[PDB]
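A.B. asks: Handing you a structure now.
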Amino acid sequence: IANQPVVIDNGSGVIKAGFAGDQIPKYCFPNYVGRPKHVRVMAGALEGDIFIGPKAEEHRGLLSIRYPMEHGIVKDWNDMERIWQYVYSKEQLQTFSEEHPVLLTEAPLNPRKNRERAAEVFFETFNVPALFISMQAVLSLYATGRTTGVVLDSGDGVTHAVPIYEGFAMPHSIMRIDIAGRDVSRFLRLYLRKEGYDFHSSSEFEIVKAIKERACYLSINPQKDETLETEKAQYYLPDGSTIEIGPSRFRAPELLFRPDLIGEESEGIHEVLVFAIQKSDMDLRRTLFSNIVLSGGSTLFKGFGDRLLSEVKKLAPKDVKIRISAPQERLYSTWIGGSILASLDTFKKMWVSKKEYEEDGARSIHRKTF
Amino acid sequence: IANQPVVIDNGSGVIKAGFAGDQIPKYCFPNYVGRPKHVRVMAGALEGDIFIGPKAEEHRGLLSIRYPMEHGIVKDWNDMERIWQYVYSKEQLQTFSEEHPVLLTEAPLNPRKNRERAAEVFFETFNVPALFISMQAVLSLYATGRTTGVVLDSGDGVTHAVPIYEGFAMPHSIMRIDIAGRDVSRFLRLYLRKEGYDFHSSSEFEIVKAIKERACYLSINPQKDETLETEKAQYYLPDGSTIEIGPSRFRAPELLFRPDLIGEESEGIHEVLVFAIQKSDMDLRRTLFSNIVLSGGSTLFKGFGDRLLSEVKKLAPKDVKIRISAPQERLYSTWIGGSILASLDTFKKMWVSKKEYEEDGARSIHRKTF
Amino acid sequence: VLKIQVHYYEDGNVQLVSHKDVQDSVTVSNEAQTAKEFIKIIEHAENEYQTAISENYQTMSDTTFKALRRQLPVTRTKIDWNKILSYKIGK
Ligand SMILES: Nc1ncnc2c1ncn2[C@@H]1O[C@H](COP(=O)(O)OP(=O)(O)O)[C@@H](O)[C@H]1O
Ligand SMILES: Nc1ncnc2c1ncn2[C@@H]1O[C@H](COP(=O)(O)OP(=O)(O)O)[C@@H](O)[C@H]1O
């Protein structure tokens with residue numbers, strides 16, 4: 001049973017899906033489960049009472065949105081099962097789970113219990129013929145067409161700098177933080193309350209994400225922007241009322257570089273990138289500096305790459321050629337790589353078959369990934 | 001010019017005033033500006049047509065009362081200027097604003113524009129020599145004598161939990177809601193309409209507050225009280241007519257613990273207290289649980305502390321010593337600490353002088369507070 | 001007894017030094033069994049050792065090395081120097 005395999009690229013913020021050997025993921029939607037706050041009085045209302053994807057985006061105000069996955073670690077397993085069922089259902093894929101092999105993705109260095117429980121869901125609840133979990137950085141390099149280079153990424157949950165050199169993903173040199181787009185959105189929400197405009201509701205939380213996506217920019221010199229007084233630019237909400245954003249827009253994405261502002265000890269994106277290069281061998285450092293690939297949604301801030309280049313110039317040894325490259329479609333970089341990896345004839349060897357899982361168990365899944 | 005400084009402890013419901021070094025605030029009155037509804041035909045009437053303090057409390061029925069403050073955030077600035085002018089006037093303090101330095105208070109995580117506009121009023125309209133703005137939680141611990149511990153408060157506007165450890169108010173663990181005494185009084189009013197007795201007028205609203213102050217208890221088990229049938233205890237209004245209150249008295253203060261009743265997905269008092277301790281560090285949690293201080297008027301319900309203990313037992317980790325301490329004068333706990341802070345010699349270093357404000361501006365006020 | 005040693009000397013030194021003393025009682029039976037029994041004792045001990053040596057230190061050293069000096073203060077805020085130079089504590 002070697003049908004066209006499916007590539008479900010997981011993520012805390014957004015979840016991508018579709019078939020192998022494709023240019024773009026056809027099925028992209030945000031990873032959450034909306035449920036109705038209000039009392040459904042009238043007959044002929046929205047049926048089901050568990051909303052995922054575009055229906056939930058259309059009907060935000062009704063639904064109490066909650067995310068199942070934080071920092072690449074699922075909290076609510078029943079919610080992720082409903083999301084995966086919605087992916088396979090007629091509203092999105094129009095396929096059965098029994099036909100196609102599965103390509104899953106996860107952030108590196110996660111708890112193994114969650115990886116085991118993920119496999120249990122795919123093999124038992126769904127009747128998958130073969131499963132395969134993989135890295136995000138390895139796929140992003142397959143999407144670009146390079147083998148050597150570091151992959152800095154920044155989704156909604158995790159930020160991790162994975163160094164790879166000619167098909168050798170060093171498991172030891174992988175740096176990681178639990179600081180990312182969701183924490184930046186939460187930090188921007190806190191700043192908007194300091195400005196004046198309070199947002200506490202779960203449906204109203206996605207307006208803060210929309211403001212973060214649209215009206216934000218990362219300054220090169222933060223001390224210079226602190227001394228100067230801001231212009232206070234405007235933005236229209238979904239309702240109609242205008243909001244002067246003020247200094248919150250530029251101080252919000254500083255969290256990624258300065259993790260002390262939220263109140264939690266971490267390295268930072270720029271430190272993690274330097275740190276992933278340093279932990280590798282001495283001969284391979286200069287090739288890793290030359291090939292730095294960006295990925296994820298939280299790398300799309302204005303003057304983000306320029307700030308990363310300046311931070312590398314400050315920390316790294318002098319007289320070294322720095323190059324932070326990036327693809328055009330930074331959001332769909334990991335999925336394209338999975339679609340390429342799935343289309344290859346080698347893919348049959350790597351996967352965990354259902355028969356092999358039934359015989360061995362979790363140990364076979366731990367062996368095949370690394 | 002280092003005269004005996006004035007401590008104006010601002011509050012949404014009640015405002016406290018007096019001089020530094022005293023045991024109690026001598027001048028306490030409700031924070032609103034009453035203005036006459038009816039037309040004045042006869043001579044020898046109440047002159048001025050702007051009523052603040054005991055005159056407004058005496059003659060409620062005449063006056064269309066409106067509060068300038070809402071959730072620790074002044075909406076009507078002209079009304080607060082008139083209140084502050086009334087505080088300093090001969091009817092209350094019998095002093096000039098030119099002589100004495102001013103200690104002011106505000107809730108945490110408020111609009112910075114309101115803090116600037118507060119400072120502008122005190123420095124320009126009044127001619128203050130030196131101003132200082134402070135938190136409520138820091139002062140309450142100064143009043144008790146402790147340094148470490150959490151301060152849960154529940155005024156008329158804001159409920160906020162701030163954890164402090166050895167004279168270090170933790171900014172990133174500050175939890176806050178806009179659910180408080182005024183919202184409980186508003187929720188009680190809505191319940192009394194469901195019972196039968198409506199109170200639509202603004203002068204008539206203070207009858208609902210008086211009912212809330214006297215006849216409201218917090219039951220330990222809400223599901224058990226819902227299944228049982230109430231006794232329907234009586235209450236006499238200022239007119240003389242009887243009111244059978246019924247189940248509205250015990251379901252009214254449930255708003256603070258269950259904010260889903262008003263139609264506003266918030267945490268609640270007990271969750272805010274747990275969240276403030278959890279956001280702070282692992283080493284400080286057990287000391288923060290042992291030192292929990294209560295303040296504000298909406299902690300004065302019958303069986304409030306007993307319910308808050310039971311909710312902490314439900315949420316917090318097991319086998320940990322819980323202690324919710326409470327002073328005798330909870331309404332004046334924040335003012336007592338300000339009077340103590342003002343009496344100390346180090347208060348001279350902390351304040352913002354008039355000369356320093358004229359040179360720098362708002363930036364110096366933002367620096368000195370934190 | 002089971003001793004590890006690692007030494008890194010770039011930009012300054014770091015050393016790993018270790019040992020585990022083990023006392024065990026085994027029962028002799030066969031040549032095939034005694035050959036595969038002792039090896040089994042070594043295999044499990046040296047794995048448990050490496051496991052602890054790798055997995056405890058990556059996490060527990062990070063927390064014990066942090067219990068000595070923390071990465072950020074008890075407030076989790078970078079200390080304000082202006083605050084330090086114009087604030088008073090105590091009673
Ligand atoms: N243009 C943008 N500017 C800033 N942030 C963005 C932008 N687009 C998306 N984001 C943020 O990045 C997140 C999407 O990142 P993504 O890589 O899809 O996460 P994951 O790796 O978990 O799938 C969103 O939740 C959003 O907050
Ligand atoms: N004994 C009481 N029982 C219940 N509620 C009370 C009681 N006393 C006062 N309140 C409520 O608390 C409010 C006073 O809160 P206060 O301590 O002045 O806080 P703030 O200074 O933030 O206004 C009043 O408006 C009233 O509604």
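By order in the structure tokens, chains are A, B, ...; within a chain, residues start at 1; ligands start at 1, following the order shown.
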Any chance you could fit chain B onto chain A with least squares, all Cα atoms in order, and share the moved copy as a compact mmCIF listing (two decimals) with C-alpha atoms, in the first residue's frame?
C.D. replies:
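Written file, result.txt:
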# COMPACT_ATOMS: atom_id res chain seq x y z
CA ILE B 1 -0.11 -0.07 -0.17
CA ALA B 2 2.11 2.80 -1.42
CA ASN B 3 -0.35 5.62 -2.20
CA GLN B 4 0.47 9.35 -2.50
CA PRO B 5 1.39 10.22 1.12
CA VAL B 6 -0.02 13.16 3.13
CA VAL B 7 2.28 15.82 4.65
CA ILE B 8 0.87 17.34 7.87
CA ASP B 9 3.39 20.02 8.91
CA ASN B 10 2.36 20.67 12.53
CA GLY B 11 2.78 24.14 14.01
CA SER B 12 1.69 25.89 17.21
CA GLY B 13 0.17 28.90 15.41
CA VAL B 14 -0.71 27.62 11.93
CA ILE B 15 -1.02 24.03 10.62
CA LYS B 16 -0.23 23.16 6.98
CA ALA B 17 -1.63 20.20 5.00
CA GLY B 18 -1.70 18.62 1.53
CA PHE B 19 -0.24 15.85 -0.66
CA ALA B 20 3.33 14.94 -1.65
CA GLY B 21 5.06 16.48 -4.69
CA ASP B 22 3.16 19.81 -4.70
CA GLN B 23 4.66 23.32 -4.95
CA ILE B 24 2.62 24.79 -2.05
CA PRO B 25 0.46 23.51 0.83
CA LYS B 26 -3.08 23.96 -0.53
CA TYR B 27 -4.66 23.62 2.94
CA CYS B 28 -3.34 26.10 5.53
CA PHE B 29 -5.43 27.12 8.56
CA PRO B 30 -4.79 28.15 12.19
CA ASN B 31 -4.27 25.38 14.78
CA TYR B 32 -7.10 25.89 17.32
CA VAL B 33 -10.50 24.52 18.40
CA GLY B 34 -13.17 27.23 18.76
CA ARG B 35 -16.21 26.40 20.93
CA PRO B 36 -19.30 28.62 21.46
CA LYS B 37 -19.44 31.00 24.46
CA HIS B 38 -23.11 31.95 24.15
CA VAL B 39 -26.26 29.80 24.43
CA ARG B 40 -28.03 28.78 21.19
CA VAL B 41 -31.75 29.59 21.48
CA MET B 42 -32.86 29.84 17.84
CA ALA B 43 -33.01 26.91 15.38
CA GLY B 44 -31.01 26.87 12.14
CA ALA B 45 -27.79 27.71 14.02
CA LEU B 46 -24.17 26.62 13.45
CA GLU B 47 -24.28 22.84 14.05
CA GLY B 48 -21.58 20.69 15.70
CA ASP B 49 -20.37 23.12 18.42
CA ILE B 50 -16.67 22.38 17.63
CA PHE B 51 -15.17 24.82 15.09
CA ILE B 52 -11.83 24.37 13.26
CA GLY B 53 -10.36 26.25 10.26
CA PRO B 54 -12.22 28.92 8.22
CA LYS B 55 -15.57 28.64 10.10
CA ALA B 56 -13.70 29.51 13.32
CA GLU B 57 -11.84 32.40 11.62
CA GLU B 58 -15.17 33.71 10.24
CA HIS B 59 -17.05 33.46 13.56
CA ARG B 60 -14.37 34.48 16.11
CA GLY B 61 -16.69 36.46 18.42
CA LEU B 62 -18.90 33.46 19.27
CA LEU B 63 -16.06 31.07 20.06
CA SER B 64 -14.00 30.71 23.24
CA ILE B 65 -10.81 29.79 21.34
CA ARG B 66 -8.14 27.67 23.04
CA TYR B 67 -4.89 26.42 21.47
CA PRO B 68 -4.03 22.74 22.05
CA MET B 69 -0.33 23.30 21.21
CA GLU B 70 2.11 25.35 23.34
CA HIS B 71 5.83 25.69 22.47
CA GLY B 72 5.61 22.71 20.08
CA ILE B 73 4.15 20.58 22.91
CA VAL B 74 0.45 19.58 22.74
CA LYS B 75 -1.36 19.98 26.08
CA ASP B 76 -4.91 19.12 24.96
CA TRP B 77 -4.74 15.77 23.11
CA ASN B 78 -8.50 15.47 22.39
CA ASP B 79 -8.38 18.82 20.52
CA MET B 80 -5.43 17.73 18.30
CA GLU B 81 -7.29 14.50 17.45
CA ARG B 82 -10.29 16.62 16.35
CA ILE B 83 -7.98 18.89 14.28
CA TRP B 84 -6.28 15.90 12.58
CA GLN B 85 -9.75 14.40 11.97
CA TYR B 86 -10.87 17.75 10.49
CA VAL B 87 -7.74 17.82 8.25
CA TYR B 88 -8.61 14.40 6.75
CA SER B 89 -12.38 15.19 6.60
CA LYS B 90 -14.37 16.30 3.51
CA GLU B 91 -14.15 20.02 4.44
CA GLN B 92 -10.38 20.13 3.64
CA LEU B 93 -8.60 17.06 2.11
CA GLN B 94 -11.50 14.76 0.99
CA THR B 95 -9.56 11.52 1.68
CA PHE B 96 -9.29 8.59 4.13
CA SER B 97 -6.50 8.11 6.69
CA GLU B 98 -6.49 4.35 5.86
CA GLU B 99 -5.10 4.79 2.32
CA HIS B 100 -2.23 7.28 2.51
CA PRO B 101 1.02 7.15 4.55
CA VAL B 102 1.60 10.18 6.81
CA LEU B 103 4.54 12.59 7.10
CA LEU B 104 4.45 14.44 10.44
CA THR B 105 6.69 17.21 11.83
CA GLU B 106 7.77 18.30 15.32
CA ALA B 107 10.22 20.73 16.94
CA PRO B 108 13.57 19.31 18.17
CA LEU B 109 14.26 18.41 21.84
CA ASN B 110 10.53 17.90 22.60
CA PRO B 111 8.90 15.48 25.12
CA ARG B 112 9.27 11.85 23.97
CA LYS B 113 5.90 10.99 25.61
CA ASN B 114 4.17 13.46 23.25
CA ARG B 115 5.91 11.84 20.25
CA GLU B 116 4.72 8.39 21.40
CA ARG B 117 1.18 9.66 22.07
CA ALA B 118 1.23 11.27 18.58
CA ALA B 119 2.16 7.90 17.04
CA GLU B 120 -0.51 6.10 19.13
CA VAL B 121 -3.16 8.49 17.73
CA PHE B 122 -2.07 8.03 14.08
CA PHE B 123 -1.77 4.20 14.30
CA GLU B 124 -4.81 3.33 16.52
CA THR B 125 -7.58 5.99 16.31
CA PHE B 126 -6.77 6.69 12.67
CA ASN B 127 -5.69 3.51 10.81
CA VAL B 128 -2.48 4.76 9.15
CA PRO B 129 -0.45 2.25 7.05
CA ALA B 130 2.90 4.03 7.69
CA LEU B 131 4.00 7.08 9.73
CA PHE B 132 7.19 9.19 9.75
CA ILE B 133 8.12 12.08 12.10
CA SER B 134 10.83 14.60 11.11
CA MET B 135 12.56 17.87 12.07
CA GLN B 136 11.75 21.37 10.76
CA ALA B 137 15.35 22.45 10.03
CA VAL B 138 16.15 19.37 7.89
CA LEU B 139 13.02 19.93 5.74
CA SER B 140 13.70 23.68 5.23
CA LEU B 141 17.14 22.85 3.73
CA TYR B 142 15.51 20.22 1.45
CA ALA B 143 13.09 22.96 0.28
CA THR B 144 15.88 25.45 -0.55
CA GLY B 145 18.05 22.73 -2.17
CA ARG B 146 21.11 23.10 0.10
CA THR B 147 22.73 20.49 2.36
CA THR B 148 25.07 22.51 4.61
CA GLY B 149 24.10 25.50 6.79
CA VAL B 150 22.31 26.70 9.94
CA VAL B 151 18.52 26.99 10.04
CA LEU B 152 17.21 29.69 12.36
CA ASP B 153 13.42 29.39 12.70
CA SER B 154 10.81 31.43 14.58
CA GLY B 155 7.26 30.02 14.59
CA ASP B 156 4.46 30.71 17.08
CA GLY B 157 5.79 28.23 19.70
CA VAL B 158 9.53 27.58 19.35
CA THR B 159 12.68 29.37 18.20
CA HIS B 160 15.43 26.78 17.57
CA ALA B 161 18.74 26.86 15.64
CA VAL B 162 19.96 23.55 14.16
CA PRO B 163 23.31 23.39 12.29
CA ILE B 164 23.48 20.85 9.43
CA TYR B 165 26.57 19.85 7.39
CA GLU B 166 26.17 17.80 4.17
CA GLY B 167 23.00 15.95 5.24
CA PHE B 168 24.04 15.47 8.88
CA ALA B 169 21.78 17.30 11.35
CA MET B 170 24.02 17.91 14.39
CA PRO B 171 22.04 16.86 17.50
CA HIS B 172 24.39 18.18 20.23
CA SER B 173 24.50 21.75 18.79
CA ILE B 174 20.67 22.18 18.81
CA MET B 175 19.82 25.41 20.66
CA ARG B 176 16.20 26.09 21.65
CA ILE B 177 13.97 28.59 23.50
CA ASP B 178 10.27 28.70 24.43
CA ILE B 179 10.10 32.36 23.29
CA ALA B 180 8.30 32.88 19.96
CA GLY B 181 5.41 34.53 18.04
CA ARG B 182 2.76 33.67 20.65
CA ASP B 183 4.92 35.13 23.45
CA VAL B 184 5.51 38.27 21.31
CA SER B 185 1.73 38.55 20.75
CA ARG B 186 1.17 38.03 24.50
CA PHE B 187 3.83 40.69 25.23
CA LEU B 188 2.16 43.07 22.73
CA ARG B 189 -1.23 42.53 24.47
CA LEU B 190 0.36 43.45 27.82
CA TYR B 191 1.90 46.58 26.24
CA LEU B 192 -1.47 47.65 24.72
CA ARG B 193 -2.97 47.56 28.25
CA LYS B 194 -0.18 49.95 29.35
CA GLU B 195 -1.09 52.14 26.34
CA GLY B 196 -4.83 51.97 27.16
CA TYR B 197 -6.63 49.37 25.02
CA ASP B 198 -7.20 45.99 26.75
CA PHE B 199 -8.02 42.70 24.97
CA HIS B 200 -8.89 40.10 27.65
CA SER B 201 -11.13 37.63 25.74
CA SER B 202 -9.78 34.62 23.81
CA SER B 203 -11.60 35.52 20.56
CA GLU B 204 -10.37 39.09 21.11
CA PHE B 205 -6.73 37.82 21.40
CA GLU B 206 -6.53 37.22 17.61
CA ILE B 207 -6.93 41.00 17.08
CA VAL B 208 -3.55 41.40 18.88
CA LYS B 209 -1.98 38.81 16.53
CA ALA B 210 -3.42 40.73 13.54
CA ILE B 211 -1.91 43.98 14.92
CA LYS B 212 1.43 42.17 15.41
CA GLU B 213 1.38 40.81 11.82
CA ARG B 214 0.61 44.19 10.22
CA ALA B 215 2.02 47.03 12.35
CA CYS B 216 5.32 45.97 13.97
CA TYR B 217 8.90 46.81 12.90
CA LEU B 218 12.26 45.87 14.44
CA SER B 219 14.43 48.98 14.91
CA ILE B 220 18.19 48.53 14.49
CA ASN B 221 19.24 50.68 17.48
CA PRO B 222 16.79 50.23 20.42
CA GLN B 223 18.46 52.81 22.72
CA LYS B 224 18.15 55.49 20.00
CA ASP B 225 14.43 54.70 19.49
CA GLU B 226 13.87 54.81 23.29
CA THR B 227 15.42 58.31 23.58
CA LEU B 228 13.37 59.62 20.61
CA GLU B 229 9.59 60.16 20.82
CA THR B 230 7.36 58.01 18.57
CA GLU B 231 4.88 59.27 15.93
CA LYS B 232 1.88 57.16 17.13
CA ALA B 233 0.55 55.50 13.95
CA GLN B 234 -3.12 54.45 13.74
CA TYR B 235 -4.84 51.09 13.15
CA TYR B 236 -8.51 50.22 12.53
CA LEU B 237 -9.99 47.22 14.41
CA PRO B 238 -12.61 44.77 13.01
CA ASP B 239 -15.23 46.94 14.81
CA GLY B 240 -14.10 50.28 13.31
CA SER B 241 -12.67 52.11 16.35
CA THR B 242 -9.21 53.71 15.98
CA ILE B 243 -6.18 52.69 18.08
CA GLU B 244 -3.07 54.86 18.47
CA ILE B 245 -0.45 52.13 19.00
CA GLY B 246 2.55 54.32 19.90
CA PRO B 247 5.83 52.80 21.18
CA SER B 248 4.31 49.31 21.76
CA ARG B 249 4.76 48.37 18.05
CA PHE B 250 8.60 48.61 18.09
CA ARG B 251 9.19 47.39 21.69
CA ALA B 252 7.01 44.26 21.06
CA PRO B 253 9.34 42.25 18.75
CA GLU B 254 12.36 43.20 20.96
CA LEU B 255 11.25 40.23 23.14
CA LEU B 256 12.85 37.76 20.69
CA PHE B 257 16.29 39.44 21.03
CA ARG B 258 15.87 40.62 24.65
CA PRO B 259 14.00 37.84 26.52
CA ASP B 260 14.62 39.74 29.83
CA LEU B 261 11.53 41.92 29.09
CA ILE B 262 8.92 39.15 29.66
CA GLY B 263 10.80 38.09 32.85
CA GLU B 264 12.59 34.97 31.65
CA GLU B 265 16.42 34.80 31.45
CA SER B 266 16.89 33.13 28.05
CA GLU B 267 19.46 33.59 25.25
CA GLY B 268 17.37 35.14 22.45
CA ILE B 269 17.30 34.49 18.67
CA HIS B 270 20.67 36.09 17.84
CA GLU B 271 22.46 34.39 20.77
CA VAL B 272 20.85 31.01 19.88
CA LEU B 273 22.18 31.37 16.30
CA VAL B 274 25.72 32.18 17.56
CA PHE B 275 25.59 29.42 20.24
CA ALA B 276 24.53 26.81 17.64
CA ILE B 277 27.53 27.72 15.43
CA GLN B 278 29.97 27.83 18.40
CA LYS B 279 28.88 24.43 19.82
CA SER B 280 29.61 22.88 16.39
CA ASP B 281 33.22 22.25 15.31
CA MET B 282 35.97 24.73 14.35
CA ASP B 283 36.26 23.47 10.74
CA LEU B 284 32.49 23.81 10.08
CA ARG B 285 31.94 27.30 11.63
CA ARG B 286 32.80 29.42 8.57
CA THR B 287 30.54 27.37 6.26
CA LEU B 288 27.74 27.55 8.88
CA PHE B 289 28.07 31.37 9.11
CA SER B 290 27.89 31.69 5.29
CA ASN B 291 24.77 29.47 5.07
CA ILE B 292 22.15 30.83 7.50
CA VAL B 293 18.53 30.09 6.47
CA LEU B 294 15.45 31.80 7.98
CA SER B 295 11.93 30.36 8.37
CA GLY B 296 8.72 30.73 10.42
CA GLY B 297 6.28 33.63 10.72
CA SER B 298 8.13 35.56 13.46
CA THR B 299 11.06 36.20 11.06
CA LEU B 300 8.70 38.31 8.88
CA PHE B 301 9.02 41.53 10.97
CA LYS B 302 10.34 44.65 9.20
CA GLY B 303 14.12 44.93 9.66
CA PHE B 304 14.38 41.53 11.39
CA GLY B 305 17.15 40.19 9.13
CA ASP B 306 19.00 43.53 9.27
CA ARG B 307 18.98 43.40 13.09
CA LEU B 308 19.99 39.70 13.11
CA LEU B 309 22.96 40.60 10.85
CA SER B 310 24.04 43.41 13.22
CA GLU B 311 23.82 41.11 16.28
CA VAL B 312 25.96 38.45 14.52
CA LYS B 313 28.55 41.16 13.67
CA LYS B 314 28.65 42.12 17.38
CA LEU B 315 29.06 38.56 18.76
CA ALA B 316 30.80 36.49 16.04
CA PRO B 317 34.58 36.59 15.33
CA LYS B 318 35.73 39.52 13.17
CA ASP B 319 36.56 39.35 9.43
CA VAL B 320 34.13 36.50 8.62
CA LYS B 321 31.64 36.62 5.71
CA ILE B 322 28.07 36.65 7.10
CA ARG B 323 25.08 35.70 4.91
CA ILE B 324 21.51 35.33 6.23
CA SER B 325 19.57 33.95 3.25
CA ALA B 326 15.76 33.82 3.27
CA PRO B 327 13.30 32.20 0.81
CA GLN B 328 10.22 33.93 -0.67
CA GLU B 329 7.79 31.48 1.00
CA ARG B 330 9.15 31.37 4.58
CA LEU B 331 5.81 30.31 6.14
CA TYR B 332 5.61 27.20 3.90
CA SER B 333 9.38 26.39 3.79
CA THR B 334 9.10 23.41 6.18
CA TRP B 335 6.11 21.90 4.32
CA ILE B 336 7.77 22.21 0.87
CA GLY B 337 10.75 20.17 2.13
CA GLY B 338 8.43 17.51 3.57
CA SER B 339 6.60 17.29 0.23
CA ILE B 340 10.02 16.91 -1.46
CA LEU B 341 11.15 14.31 1.13
CA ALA B 342 7.86 12.40 0.63
CA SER B 343 8.23 12.43 -3.19
CA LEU B 344 11.71 10.81 -3.05
CA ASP B 345 11.85 7.00 -3.33
CA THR B 346 14.01 6.61 -0.19
CA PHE B 347 11.05 7.76 1.98
CA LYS B 348 9.86 4.11 1.89
CA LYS B 349 12.94 3.04 3.92
CA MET B 350 12.72 5.81 6.57
CA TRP B 351 9.06 5.42 7.69
CA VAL B 352 7.55 3.37 10.53
CA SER B 353 5.03 0.83 9.17
CA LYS B 354 1.88 -0.22 11.08
CA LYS B 355 3.05 -3.86 11.34
CA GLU B 356 6.46 -2.80 12.72
CA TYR B 357 4.75 -0.54 15.31
CA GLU B 358 2.43 -3.37 16.46
CA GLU B 359 5.43 -5.73 16.89
CA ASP B 360 7.96 -3.41 18.58
CA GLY B 361 6.08 -0.31 19.85
CA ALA B 362 7.57 3.06 20.87
CA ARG B 363 11.20 1.81 20.71
CA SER B 364 11.05 1.38 16.90
CA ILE B 365 9.75 4.96 16.51
CA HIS B 366 12.63 6.31 18.66
CA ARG B 367 15.18 4.33 16.59
CA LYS B 368 13.93 5.39 13.12
CA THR B 369 13.81 9.16 13.87
CA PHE B 370 17.47 9.11 15.08
A.B. asks: Report as a ChimeraX atom specification: the residues of chain C with a DSSP assignment of strand (DSSP E), based on the backbone of this structure.
C.D. replies: /C:5-9,13-17
A.B. asks: Select residues of chain C: the criterion is any atom within 9 Å of an atom of chain A, counting only C-alpha atoms; output as a list in words.
C.D. replies: residues 71, 72, 75, 76, 77 and 78 of chain C
A.B. asks: For atom CA of residue C:57 and atom CA of residue C:10, determine how far apart the two atoms are, in Å to one decimal place.
C.D. replies: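 Interatomic distance, atom CA of residue C:57 to atom CA of residue C:10: 20.6 Å.
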A.B. asks: For the structure I just gave you, how does DSSP split stretch 51-186 of chain B - specifically, which residues are alpha helix (DSSP H)? Reply as a count of residues only.
C.D. replies: 41
A.B. asks: Can you tell me how far atom CA of residue C:42 sits from atom CA of residue C:20, in Å to one decimal?
C.D. replies: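 One can read the atom CA of residue C:42 to atom CA of residue C:20 distance as 11.7 Å.
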A.B. asks: Grab the atom CA of residue C:16 to atom CA of residue C:68 distance for me, in Å with one decimal place.
C.D. replies: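 Pair atom CA of residue C:16 / atom CA of residue C:68 returns 18.7 Å.
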